[PDB]
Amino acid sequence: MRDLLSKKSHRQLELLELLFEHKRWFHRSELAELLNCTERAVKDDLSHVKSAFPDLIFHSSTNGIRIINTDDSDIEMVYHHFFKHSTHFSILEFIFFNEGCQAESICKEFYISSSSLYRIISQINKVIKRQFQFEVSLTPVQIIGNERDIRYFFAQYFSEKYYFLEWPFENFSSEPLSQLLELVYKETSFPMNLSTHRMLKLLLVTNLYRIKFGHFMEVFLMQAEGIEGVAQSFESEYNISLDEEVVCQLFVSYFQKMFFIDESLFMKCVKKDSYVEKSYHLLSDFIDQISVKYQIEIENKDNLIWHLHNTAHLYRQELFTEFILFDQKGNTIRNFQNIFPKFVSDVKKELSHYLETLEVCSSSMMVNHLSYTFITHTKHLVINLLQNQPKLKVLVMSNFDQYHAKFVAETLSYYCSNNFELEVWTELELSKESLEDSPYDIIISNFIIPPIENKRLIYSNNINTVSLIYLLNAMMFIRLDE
């Protein structure tokens, strides 16, 4: 959907994504070709970007250009900005909030001619249909086509464009939806937490705008206590009549046949239903295969299988699967893959085979999401992945006496990572040779010694103990650097 942005905006977005992803230096030569533009475009984009994001710290050098600051800020800032300043997205969102308005109100709202609005809507619809089956219409003003696609597009859009704590929905306050969700939580099995609750509020508020104008999806709460208080809110706040049809339209996605809200019922269906048996079998063989290969002990196999099955049988119903501008899910999995490339590549291939064998959606967005799901549901995963990594041996010596070396060694052993094993030198003599033949990865001393091949030396004479702790801790993942 980034083709809804202007050319300049699109290019600046990619420039910033590059600089946030890579901490290296970049000459304008390199930026020009990586971003497939001219050096003039790069220069113009850079100064536009400097002024738009003044907090971001840009150094220039003999080495080139880079952002120094990225660990204080976050790329969400950039998207938040390019969404906010985009004309096409703004119009689209205006239309979403104003079904039935006069086309002319849109022209007035955005200071554009009627012919310009028709050109814009034409461009918007062209971009949208590359991925989603819906379109904007001006006669009358509405969004039509595949209802599931529309609902997904906008909930995801709102999740990307607005900060987590923002509530940009003027027609619809959050409270009645919260009150409704409270009721829902008591009598159901949804996880109850801030993340899932925010996502549900966005899905539901998006669905209310559809429901208010009769745009419906093809498919206990009515007699829970409190229901009439909620039903009153909906009438008062939203002017909507809270009945069975509404409730069904709000939560349609959780009536998917192969979604199992109940874990125990899933496990029962595994025994009766040959499609479900097959899903279960594939996921069970995947999990065993990965567990044996990476020696990962897994705690609750069947619960994990249930979760993977469910995740794989939803399509454009959970947010952070498909993205508009910000592939946050994808970036998260890529960061983990940077640490553990072979592991992540193996799970992606197994899960891709799972999706393809069942003939469900097997796009990279779903492969990424499912892999992410497996990872984040797995206990002590990082411990297990690093289990073949021997401890780093650290020698500590003092030219004063051994009480000093022991004092330091004990202090560091206590405060620094248990990846390290700290020891003192126990022989009477020392020589370059006996240091070379020693097993140490790191040597800390307050006197100078010749370089010792394959040993990192920390000279500690001008370093206090606290600084030394910080310094040694920065080396805790040396083995991971192979």
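Position 1 is the first residue in the sequence shown; the rest follow in order.
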query	finding
Deposited-sequence gap flanked by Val219 and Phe220	10 or more
Mean Cα B-factor comparison, 145-153 or 226-234, giving the higher one as deposited	226-234
Stretch exceeding the other in mean C-alpha B-factor - 409-417, 49-57	49-57
Which of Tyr254, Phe320, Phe134, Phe158 ranks first by CA B-factor in the deposited coordinates	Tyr254
Top Cα B factor in the deposited entry, candidates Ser178, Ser352, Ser398, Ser115	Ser178
Record-listed C-alpha B factor of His80: chain third	middle
Ranked against its chain, the third holding the CA B-factor of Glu263	highest
Chain-wide C-alpha B factor ranking for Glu182, given as lowest, middle or highest third	highest
Third of the chain's Cα B-factor distribution that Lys212 belongs to, per the entry	highest
Modelled-residue ranking by C-alpha temperature factor, third containing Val367	lowest
